[PDB]
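Here is the structure we will look at, set down as structure tokens.
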There are 2 protein chains.
Amino acid sequence: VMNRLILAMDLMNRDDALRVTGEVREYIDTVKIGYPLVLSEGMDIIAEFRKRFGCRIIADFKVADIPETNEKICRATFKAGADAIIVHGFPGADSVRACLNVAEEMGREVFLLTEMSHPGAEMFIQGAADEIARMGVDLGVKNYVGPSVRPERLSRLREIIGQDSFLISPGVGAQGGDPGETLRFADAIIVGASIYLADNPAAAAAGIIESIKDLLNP
Amino acid sequence: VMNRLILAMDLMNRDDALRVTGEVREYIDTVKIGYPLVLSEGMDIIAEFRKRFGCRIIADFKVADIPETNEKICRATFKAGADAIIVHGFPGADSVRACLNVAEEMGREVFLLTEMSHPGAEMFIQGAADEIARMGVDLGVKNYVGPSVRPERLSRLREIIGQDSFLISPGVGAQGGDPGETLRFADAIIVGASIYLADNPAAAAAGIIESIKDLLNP
Ligand SMILES: O=c1cc(O)n([C@@H]2O[C@H](COP(=O)(O)O)[C@@H](O)[C@H]2O)c(=O)[nH]1
Ligand SMILES: O=c1cc(O)n([C@@H]2O[C@H](COP(=O)(O)O)[C@@H](O)[C@H]2O)c(=O)[nH]1
């Protein structure tokens, strides 16, 4: 992940999407694309992004259905060109395994979302996060997503998943997470509104990259 | 819901979807449309279904993001003409409230998914299900989704939500739930593959209904 910085492109608008991303392409080669954009402009928006930019794309679909439906979702997502897909753990091991199977059958990647950055996450998710993380480990998951906003559960997550696993962390910028601190445990940070909304996308990104310049490489 | 029967249109081919749904319109006026089809053909498939069949559409997106992102998803979804959207409870009250807001601010409905039909659901969901349903009641949620395959959990769900709430239940047909016993608690059953993968979907819909006959009306 170039500069350890993944853009969360949640603009809901094909033209502003391709424009903010084009304006920051110099700084990032990895884009997270979620339902805000995909439901607004269609799954073809993924390809148009691979063409224009030759970036990597993480489909942030928070897959959370029964195993049979999860398989269909993954299959469809990977057909539209996504390099990876983000899957919920709370639905349990069979739902996560359904995604893993399709991923490998198609040589792509699954990220397991173990925990979330918003206040409601404390209600049910936080209490299960350790067991969801261990479930991921037992399942052979290598990629994880954890919240930058509470650094101390990132650390626990790192404990459980080992330094072998790849960890990416949202909640940076808009939600108040510190990029520097997050990267103590996370391999890459995810940043949305801080970049794509601000007056000067390019400058907001470069300001972020400077702030963590001592954390770049390799 | 006509004949208390909701078609889960999980065909991923547009042509096969528009056609099988066409063949059962006699029997059903409410279609659940989920990500298998939407990710294959686009959000426009919802409006198209609406302007061919004049049916209510439940957008089964198992919304499960932070509040900010949930809002964008609900807006995008309702703008493509969905009458309702299905939202996960596990991410907590703020995420669910986020959807309830767009819905109320757009005269639409939210369904709260409290518990699921697959074996994996026992891992984390089952243990939180009562508390998630109670959270639903407190938020003022009026529509719910619960699994037909675990009849004692349905009964339990009905206790908590009241007879005032609308309850729809999947897992009938393919996953082994019986329509009759389910409707003892649920207002409507959801049926997917046991209809849409049948040689004569029309026929299959009738066998379910004919067999449901004593539970029809009002
Ligand atoms: O726990 C999580 C998991 C996420 O995927 N996200 C996602 O990360 C992005 C954060 O964007 P923003 O930088 O504007 O806060 C959003 O797309 C959101 O859905 C999150 O905020 N918290
Ligand atoms: O607990 C649940 C919740 C669901 O939404 N569903 C959905 O209901 C439908 C059931 O389809 P089928 O009748 O072919 O089993 C699928 O779209 C599935 O994702 C489910 O099976 N169990």
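Chain identifiers are assigned alphabetically (A, B, ...) following the order of the sequence lines, protein sequences preceding nucleic acid strands; residue numbering begins at 1 within each chain. We count ligands from 1, going down the list as the structure has it; atoms in each ligand are counted the same way.
- If you check which protein heavy atom lies closest to atom 22 (N) of ligand 1, you get A/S117 OG, 2.7 Å.
- The protein atom (non-hydrogen) at minimum distance from atom 18 (C) of ligand 1 is B/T69 OG1, 3.5 Å.
- Set against the non-hydrogen atoms of B/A174, the atoms of ligand 2 under 4.0 Å away are 14 (O), 15 (O).
- Ion pairing between A/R150 and A/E122 holds under the 4.0 Å rule for side-chain N and carboxylate O.
- Here A/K32 has side-chain heavy atoms under 4.0 Å from ligand 1, and that is the only part of it that gets that close.
- Those atoms of ligand 1 that come under 4.0 Å of a heavy atom in A/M116, given as number and element, are 1 (O).
- For ligand 2, the atoms lying closer than 4.0 Å to a non-hydrogen atom of B/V191 are 13 (O).
- B/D178 and B/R184 are not joined by a salt bridge, as no carboxylate oxygen comes within less than 4.0 angstrom of a charged side-chain nitrogen.
- Near A/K62, the atoms of ligand 1 lying under 4.0 angstrom from a non-hydrogen atom of the residue are 3 (C), 4 (C), 5 (O), 19 (O).
- A salt bridge links A/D16 with A/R19: the distance from a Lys NZ or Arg NE/NH1/NH2 to an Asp or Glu carboxylate oxygen falls below 4.0 Å.
- In terms of N/O distances under 3.5 Å, ligand 2 is approached by B/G192.
- Classified by interplanar angle (parallel below 30°, tilted 30° to 60°, perpendicular above 60°), the ring pair B/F90/A/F124 is tilted.
- Numbered from 1 in the order shown, with element, the atoms of ligand 1 that lie under 4.0 Å from a heavy atom of A/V172 read 13 (O).
- Which parts of ligand 1 touch A/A193 is read off a 4.0 Å heavy-atom cut-off, strictly below it: atoms 12 (P), 13 (O), 14 (O).
- If you number the atoms of ligand 1 from 1 as listed, the ones under 4.0 Å from a heavy atom of A/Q175 come out as 10 (C), 15 (O), 20 (C), 21 (O).
- What sits closest to atom 3 (C) of ligand 2 on the protein, heavy atoms only, is B/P170 CG, 3.6 Å.
- Between A/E131 and A/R134 there is a salt bridge, since at least one side-chain N of the basic residue sits less than 4.0 Å from a carboxylate O of the acidic one.
- Neither the backbone nor the side chain of A/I86 has a heavy atom within less than 4.0 Å of ligand 1.
- The pair B/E48-B/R14 counts as a salt bridge, with a side-chain nitrogen and a carboxylate oxygen less than 4.0 angstrom apart.
- When each of B/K32, B/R56, B/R108 is tested with B/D83 by the rule salt bridge (charged side-chain N to carboxylate O under 4.0 Å, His left out), just one qualifies, namely B/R56.
- Taking a 6.0 Å sphere around CD of B/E68, one finds it holds 12 or fewer heavy atoms contributed by other residues, nucleotides or ligands.
- For atom 16 (C) of ligand 2, the nearest protein heavy atom (residue, atom name, distance) is B/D10 OD2, 3.3 Å.
- The residues A/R153 and A/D130 are annotated as salt-bridged, a charged nitrogen and a carboxylate oxygen being separated by less than 4.0 angstrom.
- Residue-ligand proximity: A/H118 is placed with every non-hydrogen atom at 4.0 Å or more from ligand 1.
- Each of A/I168, A/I58, A/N3 was scored for a side-chain contact (heavy atoms from CB on, under 4.5 Å) with A/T30, with one residue passing: A/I58.
- Using a 4.0 Å cut-off to heavy atoms of B/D65, the atoms of ligand 1 that qualify are 18 (C), 19 (O).
- For B/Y35 and A/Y35, the ring centers sit closer than 6.0 Å to each other.
- Using a 4.0 angstrom heavy-atom cutoff, A/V145 does not count as in contact with ligand 1.
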